[PDB]
């Protein structure tokens, strides 16, 4: 007959989410309730009903009594887990109450940058029983598992928190318990506005003003610089993210400005060429297209992407 293990997990802090390395880091507390009849003991009346053990001696106790503990791993843990507290409280009955406080990093392979920066992502911690269900089944320790109030994370904000149970088959042939803490969060886009969109629009608009000079050479020299600017903005954003083998929304928007700004150069080159072959008057007539093409192309291009991605 297999004994129930009551798995509770609360994330107190999100220390940060490194989206480039596709992981996040949390301060968190794991809580386990587990009745083991064999661990139960007798007290004299007036001697305490509850024994408080360091994890160190509590396991050395279990080893001595040849009792199996419900050994568990965090499947998506990365690197070290700095433990704060690992503390056991045992009762007359042989109910074990375990607390594990830790800061640690976790894999989140559920990262989809397709709609970056307008994206919503799945973050989750997996807690697996090493031992199969035929020995230990995990049950939800109700009234504990979730996320806290002061997470300290300013970019992401969390949509929903859910806890669910399931199997794995990592070390066993047999089905084995896995407690899961999931959360979805999505980005506060202020940064992306204030530092990327606003500037790129400011560059584009203030550039368009200088079309009313009707120096075609100046427009060419301007758009040529704009190109390098965007090629930089392309490097800014490229670093935020991993070396993805797919094309971001952001990725597309940049190549947008590329294509346009490439043509702005080519077009004004041709207008300027007419001026150079005694057809200045034509250019100046023709020119009106070029002045109104500029802004339409960027706003035709705005709907082009917005439909392709939404």
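Numbering follows the first chain given and starts at 1.
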Inset, instruction - Could you check the entry and say whether 100-108 or 164-172 has the higher mean CA B-factor? - result: 164-172
Inset, instruction - Name the higher of the two by mean Cα B-factor in the PDB entry, 239-247 versus 42-50. - result: 42-50
Inset, instruction - Please pick out which of 224, 79, 94, 199 has the largest Cα B-factor as recorded in the entry. - result: 94
Inset, instruction - Could you check 259, 67, 30, 26 and tell me which one carries the biggest Cα B-factor in the deposited entry? - result: 67
Inset, instruction - Sorting the chain's modelled residues by C-alpha B-factor, tell me whether residue 58 ends up in the lowest, middle or highest third. - result: lowest
Inset, instruction - Classify residue 135 as lowest, middle or highest third according to the C-alpha B-factor given in the PDB entry, relative to its own chain. - result: highest
Legend entry - residue 154 by Cα B-factor - lowest, middle or highest third of the modelled chain: lowest
Inset, instruction - Place residue 120 in the lowest, middle or highest third of its chain's C-alpha B-factors, as listed in the PDB entry. - result: highest
Legend entry - Modelled-residue ranking by C-alpha temperature factor, third containing residue 254: highest
